[PDB]
Amino acid sequence: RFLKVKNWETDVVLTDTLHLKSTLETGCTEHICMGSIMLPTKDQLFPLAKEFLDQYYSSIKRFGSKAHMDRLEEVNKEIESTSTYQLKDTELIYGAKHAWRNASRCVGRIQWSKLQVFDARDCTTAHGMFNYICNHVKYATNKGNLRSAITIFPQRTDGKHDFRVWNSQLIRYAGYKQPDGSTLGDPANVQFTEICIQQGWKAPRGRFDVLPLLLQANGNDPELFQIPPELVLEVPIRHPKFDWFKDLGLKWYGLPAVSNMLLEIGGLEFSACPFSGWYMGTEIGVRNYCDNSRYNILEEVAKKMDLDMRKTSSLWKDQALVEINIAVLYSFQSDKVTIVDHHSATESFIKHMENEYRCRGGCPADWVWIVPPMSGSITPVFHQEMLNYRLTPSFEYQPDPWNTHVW
Amino acid sequence: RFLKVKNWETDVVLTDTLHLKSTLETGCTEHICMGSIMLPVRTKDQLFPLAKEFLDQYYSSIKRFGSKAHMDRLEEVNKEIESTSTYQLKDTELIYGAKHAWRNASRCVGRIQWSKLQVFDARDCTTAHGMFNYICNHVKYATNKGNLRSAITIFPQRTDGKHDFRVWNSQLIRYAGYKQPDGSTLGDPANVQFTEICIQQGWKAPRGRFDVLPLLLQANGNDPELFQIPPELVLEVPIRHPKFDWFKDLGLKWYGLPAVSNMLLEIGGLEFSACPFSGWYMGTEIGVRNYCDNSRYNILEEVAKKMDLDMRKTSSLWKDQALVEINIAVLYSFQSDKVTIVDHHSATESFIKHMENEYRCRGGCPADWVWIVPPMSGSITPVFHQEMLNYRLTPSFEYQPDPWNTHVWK
Ligand code: HEM
Ligand code: HEM
Ligand SMILES: N=C(NCCC[C@H](N)C(=O)N[C@@H](CCN)C(N)=O)N[N+](=O)[O-]
Ligand SMILES: N=C(NCCC[C@H](N)C(=O)N[C@@H](CCN)C(N)=O)N[N+](=O)[O-]
Ligand SMILES: C[C@H](O)[C@H](O)[C@H]1CNc2nc(N)[nH]c(=O)c2N1
Ligand SMILES: C[C@H](O)[C@H](O)[C@H]1CNc2nc(N)[nH]c(=O)c2N1
Ligand SMILES: OC[C@@H](O)[C@@H](O)[C@H](O)[C@H](O)CO
Ligand SMILES: OC[C@@H](O)[C@@H](O)[C@H](O)[C@H](O)CO
Ligand SMILES: [Zn+2]
């Protein structure tokens, strides 16, 4: 019941006791592992609230205290009467930070305690949501010196007045399927891009068009808004040696801001909780640019580098891949925009894991997601065994709203 | 129950029904995933059912399920187990068994080749000298002057656990590792302990950077004995680069035949503790892991310097640049010397085709994503984007503790 994890490069062994607090299912069983699978009532609520509040008061060293007991009863009576309850600001902050701390797929959790939390629970309309969002983007961007932040909108009530940010991230590029049959822009956003058009947006039909926010407040139909262009920091991509690189016409936005996840704290569900930190280089250079279903620029770059693309064994794709990633990092650093390379980030994650095992008894981690998409084994996490389990507070996936909204 | 796996690059979705025949446990629970953990005598009682399951599978494979031949074999084996507490496989069953252990190996990306395995039956072997001869023959056949052929040599199964046949080497061919008084290592760090055992057993170590280790062979539970593999039988490739003439002066080379010799082959409940097998290398095994792991030859620095890369900051990605060149060098050298090798792009592409074929004709293909995805350029290979299901099917290859930790010395 006390599992051990070993690093096969340093031989360091850590013992995990934290996993014994996990409640939710992993998708795996004694017969089958689903580790590589992407997506594996008043009576229900109070126990969840109790679990959360107990961990909260324990964190502030007041477990068992009258305050602890008083709060517990207050919430209890609130659920019995209102069928729900409201978190204190302190509980909200502690909850959001811990949902990040518990995110097993995030390699940047060494930064978890520094999260800026924006309480938007007083929001009532989409226009109010737009305002809170612009403020988050401006705050988080900080002229290039990115600061992690989350903005939390009202919690779910009966499920028919949910607040939702239809976008997958606050800032993304549109995608349109052209006559040729090809795709212009980001193929990943082809569908969302049309839903925007399907009701208003006027697309420049470019390769890198910033999508408009489609905000849904109180269950009402979503409304479009253009993020003040001046608030969207973008970085033109060039290479520190290949002067022809800039000719590729490539750029990427500086703020990664997941906006479609669900934040669960003490049983409460916050369906609109956009958060942002900063990029790990490979996210852009390896995945966004080189995935065959994304901008898929490997061939173009290989051709400009004049590499023998006749055979796979010449490793031309690999050589081009490295160059594209050196460019991305070079470009962001040159424009003084925060970004971290996979070596540095993974090194920090190992440090974080050790801290967590020492001070918390463990660190849920998903190896499949933690190991960078390029040069896996030359990063320390590849050699690190990890135990994946679910702890709450948590960030969860949720269905795209267009597949559930009743207009 | 049907289980769906999706490929996030092509949106192709496959349905798995094969997992229903999984018996062994994975190490995971409905509460914790141990997907990245490296390692998470039978009774007459527990043996016939294991035998029955296997023979049922075997007979169904040859389209003779339920036949008189099928029923007689089951009766023959049952009587044999009741009578001797164990049983012997027919040559055909052993061949079928070995091929399927490979076919079921979740961590192997080269399984598109499974049906082509050459099985050498060494169950009549009784001594360590006998084992050496069988192993020499395996290496010569498999090497085939560079046109590698996959093969497996199978020694006598376990009986009471006190007469085990074991190849103490982790692979038939590996380089010695020597821990120096100053704390540094000469040779391959991965083999320091085994090298010390060899020396203690009498091996005269040339103490170089690439000394092929001698075989330490255990027959019938007796103490192991040392044998030197005929040098003329050990094919090696000097490593050089197509554009960098200084690469060759790094003094690197690697053996051409990868031959895992420490796993246990389980077939129909029987345990074959000595079953060396070989195929051929995927370049990253050598170029990424053996050469670039910090705990192995660790050559990234020396290579990076010679390329005059900016090593002042990791963000120059000098490690990644050097890495690619080293792997280019490994592939180029093997191809130049006409020694079979496969690059990670070709191997992963073939594995995806193999996997889809298996779903269609078999109902599944257990696969360990953590092991299948190559150690470099992960997402530019199709397997990175492929959801996999990992489960254990028998026949199978299993880990077993190193023999020096369990052997009762005589
Ligand atoms: C500040 C530095 C940060 C860095 C460098 C970072 C890096 C990463 C990376 C590289 C991924 C994988 C992304 C992908 O492949 O799609 C990721 C995933 C994730 N991160 Fe972090 N992160 C940071 C901040 C945050 C913050 C502020 C939160 C939450 C408040 C967070 C929550 C998550 C979650 C929940 C996932 C998994 C999302 C999914 O399943 O798609 N991260 N992070
Ligand atoms: C013919 C070409 C072959 C190729 C290219 C291939 C490639 C690989 C590679 C790249 C690995 C991972 C090795 C590591 O990282 O340590 C592997 C693992 C494995 N392969 Fe294959 N393989 C081949 C043949 C074979 C054969 C002949 C068998 C058995 C009859 C086999 C059984 C296995 C097993 C059981 C493992 C997992 C070993 C472990 O867990 O440590 N492979 N293979
Ligand atoms: N570095 C970050 N990267 C997040 C990148 C999100 C990723 N590009 C993405 O598309 N995620 C999908 C989920 C795909 N599993 C989504 N949020 O809809 N996050 N951050 O706050 O610092
Ligand atoms: N390509 C192959 N590669 C196998 C390479 C074996 C690997 N280098 C190794 O050291 N395996 C450990 C097992 C580590 N899990 C052992 N055999 O003791 N196999 N083949 O048959 O062609
Ligand atoms: C199928 C497989 O789960 C999928 O391709 C995963 C693998 N690891 C990943 N890791 C990260 N960080 N991000 C991803 O999108 C993925 N995709
Ligand atoms: C800790 C982690 O499981 C370990 O480093 C694994 C990862 N994937 C691997 N994949 C292959 N092919 N070979 C290995 O030795 C490993 N090591
Ligand atoms: O075009 C819409 C897509 O961006 C959307 O469906 C995402 O795939 C989804 O939000 C999960 O990332
Ligand atoms: O030097 C001994 C090692 O080669 C040996 O203990 C291996 O680690 C073991 O066979 C697993 O690979
Ligand atoms: Zn699992």
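Residues numbered from 1 in each chain as written, not as in the entry; some residues may be left out. Chains lettered and ligands numbered in written order. Heavy atoms only, no water.

In terms of determination method and resolution, the entry is listed under X-ray crystallography at 1.78 Å.

Going by the PDB entry, chain B carries the name Nitric-oxide synthase, brain and comes from Rattus norvegicus.

For chain A, the name recorded in the PDB entry is Nitric-oxide synthase, brain, with Rattus norvegicus as its organism.

Chemist: Where do I start with the domain arrangement of chain A in this structure?
Modeler: Accessible area lost on assembly of the parts is the figure often given for the size of an interface. Residue and element names in this part refer to chain A. For chain A, the assigned domains are domain 1 (16-121 + 148-158 + 262-276 + 346-370), domain 2 (122-147 + 162-233 + 397-401) and domain 3 (234-256 + 279-344). Its C-alpha centre places domain 1 at a distance of 36 Å from the equivalent point of domain 3. Taken together, the contact between domain 1 and domain 3 spans six residues of the former and six residues of the latter. Regarding the contact of domain 1 and domain 3, the summed buried area is about 400 Å², with carbon and sulfur atoms giving 44% of it. In this structure, the connection of domain 1 to domain 3 is made through zero salt bridges. Counting the contacts that link domain 1 with domain 3 gives five residue pairs in polar contact. (Domains from an automatic or database assignment. Contact = heavy atoms within 4.5 Å. Buried area = accessible area lost by both parts, 1.4 Å probe. Salt bridge = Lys/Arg side-chain N within 4 Å of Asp/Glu carboxyl O. Polar contact = N/O pair within 3.5 Å; in protein donor to acceptor, adjacent residues only side chain to side chain.)

Chemist: Is there a simple way to explain helix α6 (residues 281-290) of chain A in this structure?
Modeler: An α-helical turn contains 3.6 residues, so a residue and the one three or four places further along point in the same direction. Residue and element names in this part refer to chain A. The buried count for α6 comes to eight of 10 residues, which makes it a mostly enclosed element. Taken as a whole, α6 has its buried residues at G281, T282, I284, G285, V286, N288, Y289 and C290. If you follow the buried residues of α6, they end up packed against β11 (251-253), α7 (298-305), α8 (316-334) and α9 (342-360). (Buried < 20%, exposed > 50% of the residue type's maximum accessible area, 1.4 Å probe, protein only. Helix = DSSP H or I, 4+ residues; strand = E, 2+ residues; numbered from the N terminus.)

Chemist: Sorry if this is basic, but what is going on with the coordination of the iron atom of ligand 1 here?
Modeler: Geometry reference: four tetrahedral donors at a metal, ideal angle 109.5 degrees. Six octahedral donors, ideal angles 90 or 180 degrees. With respect to protein ligation, the iron atom of ligand 1 binds only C106(A) (SG), at 2.3 Å. Within the secondary structure, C106(A) is located in the loop between α3 (89-101) and β3 (116-119). (Donors = N, O, S within 2.8 Å, 3.2 Å for Na, K, Ca; no water.)

Chemist: Would you take a moment to explain a nonpolar patch on the surface for this structure?
Modeler: Where nonpolar side chains cluster on the molecular surface, the patch consists of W8(A), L39(B), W371(B) and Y399(B) and spans about 430 Å² of accessible area. Within the secondary structure, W8(A) sits in the loop between β1 (3-6) and β2 (13-16). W8(A) sits in the partly exposed class, given a relative accessible area of 39%. (Patch = residues over 30% accessible without salt bridge, like charges linked within 9 Å, V, L, I, M, F, W, Y side chains within 5 Å. Areas by Shrake-Rupley, 256 points an atom, 1.4 Å probe, with all protein chains shown as cover.)

Chemist: Help me understand α8(A), please; the structure alone is not making it clear to me.
Modeler: All names here are of chain A. The end-to-end C-alpha separation of α8 is 27 Å, in line with the 27 Å expected for 19 residues at 1.5 Å each. Counting buried positions along α8 gives 15 out of 19 residues, so the element sits mostly inside the fold. Two residues or fewer past α8, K336 is found with a positive phi of approximately 60°. (Expected span 1.5 Å × (residues − 1).)

Chemist: How should the site of ligand 7 be read in this particular structure?
Modeler: All names here are of chain A. Lining the immediate environment of ligand 7, one finds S168, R172, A188, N189, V190, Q191, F192, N260, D400 and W402. Separating an oxygen atom of ligand 7 from a side-chain N or O atom of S168 is a distance of 3.1 Å. One nitrogen or oxygen atom from the main chain of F192 is found 2.9 Å from an oxygen atom belonging to ligand 7. Contact with the protein chains removes 67% of the 340 Å² of surface that ligand 7 exposes when unbound. (Near = heavy atom within 4 Å.)

Chemist: Hey, could you run me through the interface of chain A and chain B in this one?
Modeler: Contact residues are listed per partner, giving 63 residues for chain A and 62 residues for chain B. Here chain A meets chain B over a buried area of about 5,200 Å², counting both sides, of which 61% is carbon and sulfur. The interface formed by chain A and chain B includes zero salt bridges. Scanning the region where chain A abuts chain B turns up 32 residue pairs in polar contact. Ranked by the residues each element gives to the side of chain A that touches chain B, the list is headed by α8(A), at 10 residues. Per-class residue counts for the side of chain A that touches chain B are 28 nonpolar, 24 polar and 11 charged. (Nonpolar A, V, L, I, M, F, W, Y, C, P; charged D, E, K, R; others polar.)

Chemist: Sorry if this is basic, but what is going on with the packing of aromatic side chains here?
Modeler: How two aromatic rings sit relative to each other is set out by the distance from centre to centre and by the angle between their planes. Evaluation of the coordinates by the stated rule reveals 44 aromatic pairs over all chains. Residues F208(A) and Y295(A) carry aromatic rings whose centres are separated by 5.0 Å and whose planes lie at 5° to one another, so their mutual orientation is stacked. Here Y295(A) lies in the loop between α6 and α7 and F208(A) lies in the loop between α5 (190-197) and β8 (213-216), a separation of 87 residues in the sequence. In terms of burial, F208(A) and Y295(A) fall into one category: buried. For the pair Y291(B) and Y297(B), a centre-to-centre distance of 6.3 Å together with 80° between the ring planes defines the contact as edge-to-face. For the pair shown, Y291(B) and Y297(B) are each scored as buried. Among the aromatic residues, those joined into a ring-pair cluster are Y173(A), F208(A), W252(A), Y253(A), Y279(A), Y289(A) and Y295(A). Of note, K6(A) hangs over the ring of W8(A), and the distance from its end group to the ring centre comes to 3.8 Å. The ring of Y139(A) is capped by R147(A), whose NZ or CZ atom sits 3.8 Å from the centre of that ring. (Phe/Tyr/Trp six-rings, centres within 6.5 Å; stacked < 30°, edge-to-face > 60°. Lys NZ or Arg CZ within 6 Å of the ring centre and 35° of its normal.)

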